[PDB]
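Contents: one structure, followed by commentary.
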Amino acid sequence: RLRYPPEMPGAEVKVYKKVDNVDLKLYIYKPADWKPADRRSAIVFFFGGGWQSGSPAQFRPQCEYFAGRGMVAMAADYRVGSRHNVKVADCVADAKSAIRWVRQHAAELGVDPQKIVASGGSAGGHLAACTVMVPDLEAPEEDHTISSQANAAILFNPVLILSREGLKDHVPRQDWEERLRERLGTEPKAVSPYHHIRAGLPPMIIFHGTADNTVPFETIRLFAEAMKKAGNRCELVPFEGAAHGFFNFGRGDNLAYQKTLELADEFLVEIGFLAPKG
Ligand SMILES: [Cl-]
């Protein structure tokens, strides 16, 4: 019941990438007092759906929230398996193309090109994480010299471990890695945020349910532990007993929705991307 293509009432629509004969769109929400020479922080949301399905509609409520707070907030479309027959590496390239485009067009968007936040849920959280910390896998036909790298991330139960290398798997299952290579369209490590943990990365906040049966909470704890040891600001907010998707607008009386927004907001204030309320 999440429509594709979404209505996105009140959004300005921009095509950020043309590829395989599809126009990939950003649904852009500006604040009421937006003017062209502004230098606002921006946020780009990537929907979840296993890199197979989903809709930018998922993050419309969050875009409206952050536009109300003075950000240029947007939800990005990206290619997925069920509609475009792509693999995960393609989705990653699209997400990188979105951040590049916003940076490239920062002036006309009224945006500070160094305050661009990547955000998303599950598979889309994975994409957001890739824009912050995984090297580009392919050179774009558009905007070649602009960085794709986001300046911060806000992740809603992301997928962050996509390879089993350097883990405590008791037997070598190189076969599992070969199968992953075929599914992902590249070497699994090359789209596995966990395998790119290093010092000097942009800051992030992660919301994850401790009862998540799709993405184990322990994968996220490992990630955050390692990020902190590398000296990165990586705030892990557990939601005790919560399941995958807990944060969505319309779930559990919107309590987790509201809480994640408050905390994401405080994060952005903490890192200097938003003015304190008032
Ligand atoms: Cl779950």
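Quick note: the coordinates plus some simple rules give every number you see, no bench work behind them. A quick note on method: Cβ atoms are made from the backbone with ideal geometry, for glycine too, and the neighbour counts reach across all protein chains shown.
A few points about this structure:
- Residue list for the stretch 71-88, filter: out of contact with any strand residue (DSSP E or B) (no Cβ under 8 Å at 6 or more places or on another chain) and in a loop (DSSP other than H, G, I, E, B): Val80, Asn85, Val86, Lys87
Yes/no per residue for (1) out of contact with any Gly (no Cβ under 7 Å at 6 or more places or on another chain); (2) in contact (Cβ under 8 Å) with a residue 40 or more places away in the chain; (3) on the phi < 0 side of the Ramachandran plot:
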| site | (1), (2), (3) |
| --- | --- |
| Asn85 | yes, no, no |
| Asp90 | no, yes, yes |
| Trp101 | yes, yes, yes |
| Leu109 | yes, yes, yes |
| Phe156 | no, yes, yes |
| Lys168 | yes, no, yes |
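- Criterion (within 16 Å of the ligand (Cβ to nearest atom) and of a type in the set (A, V, I, L, M)) met by exactly one of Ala211, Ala150: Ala211
- Put simply, of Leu274, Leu268 the only residue that is within 18 Å of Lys115 (Cβ to Cβ), away from the ligand (no atom under 16 Å from the Cβ) and in contact with a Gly (Cβ under 8 Å, 6 or more places away or on another chain) is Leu274.
- For the stretch 242-256, filtered to residues that are without any contact (Cβ under 8 Å) to a residue 40 or more places away in the chain and in a loop (DSSP other than H, G, I, E, B), the residue that is farthest from the ligand (Cβ to nearest atom) is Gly250.
- Total residues in the stretch 222-241, condition under 20 Å from the mean Cα position of the chain (by Cα) and either within 16 Å of the ligand (Cβ to nearest atom) or touching a residue at least 24 places away in the same chain (Cβ under 8 Å) (or both): 12
- Entry remark, the stretch 54-102: residues being buried (at least 22 other Cβ atoms within 10 Å of the Cβ), charged (D, E, K, R) and more than 15 Å from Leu24 (Cα to Cα) number 1 in total.
- Note on the stretch 41-59: residues that are within 14 Å of the chain's Cα centre (by Cα) and part of a helix (DSSP H, G or I) total 3.
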